[PDB]
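Coming up is one lone chain in structure tokens, specifically the form deposited in one PDB entry.
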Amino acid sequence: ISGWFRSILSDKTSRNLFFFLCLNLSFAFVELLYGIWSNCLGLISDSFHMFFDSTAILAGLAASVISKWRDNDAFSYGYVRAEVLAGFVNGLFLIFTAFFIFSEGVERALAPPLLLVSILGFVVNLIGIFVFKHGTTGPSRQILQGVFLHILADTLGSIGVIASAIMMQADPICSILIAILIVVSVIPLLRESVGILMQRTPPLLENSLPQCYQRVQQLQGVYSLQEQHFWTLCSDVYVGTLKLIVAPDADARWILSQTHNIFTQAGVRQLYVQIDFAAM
């Protein structure tokens, strides 16, 4: 159980995520110590909101550290889908937090009343955005995007509460506007994660499939091709399965090698081709 911490410290991304989680927890302790007093009306709410943020960060870190685990009998493909699941859960969490921020803005507009804790949170999340930057093999592409979207959403929420404080020297309007903005921002990541989880044909492979089918159909001995299935595994590993109907005397070796080469030139890493010998 102790070796998990050292394994986390091995990778730089896990180290940055752990440092971020630790500093968020320290901020949680500071804000709850400040809120022990009677002015905790919105302090309890924003404390629970940043608890949700810490939970999302912990989930992302757990998925990132899990994704490097070796495969076994239970998980033939390994744990490379953990990053996709982390991206999906981060998108859903961002949507739900946008709706929660809209609800909190509505509550603040309805009920008149926190002014300096938001500044500290803005400092924390600007430090976070300063730390985080991006610009089978290599199964780490979505954790950075998810954490970047979450931290930018937190920064925009801090900007919105700062604007509300400036206004009081309407907050629901800016709150709902920023919620819609972050929802639109997270739409592409959510749709990409859904497409990965849908067993959908990879977007970068859809155009090349007709050309590959035409090329393999021209192979000598191949009669018919049927039951194609292509999907992404983690980020680029496209696991494609094919069924071929060849001549009763067709050379299976050459056809299999040519099909494998054709689909490897298209970017399909793992490929499974079944060659069926037609009856007359």
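One-based numbering along the sequence shown. What we label the rigid core is the largest C-alpha set whose atoms superpose within 1.5 Å from one form to the other.
In what follows, reference is made to the form deposited in another entry, a form of this protein that is not presented.
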So which one of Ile57, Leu233, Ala250, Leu242 actually moves, Cα shift of 2 Å or more between this form and the one not shown once the core is superposed? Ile57
Indicate whether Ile196 shows a C-alpha shift of 2 Å or more between this form and the one not shown, with the rigid core used for the fit. no
Is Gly78 one of the residues whose C-alpha moves 2 Å or more between this form and the one not shown after the core fit? no
Does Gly221 shift between this form and the one not shown by 2 angstroms or more at the C-alpha, the core having been superposed? no
What changes in the other form is the Cα distance between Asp11 and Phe88, by 3 Å or more; the two atoms are farther
Relative to what is shown, are the Cα atoms of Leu94 and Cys40 closer or farther apart in the other form, where the gap shifts by 3 Å or more? closer
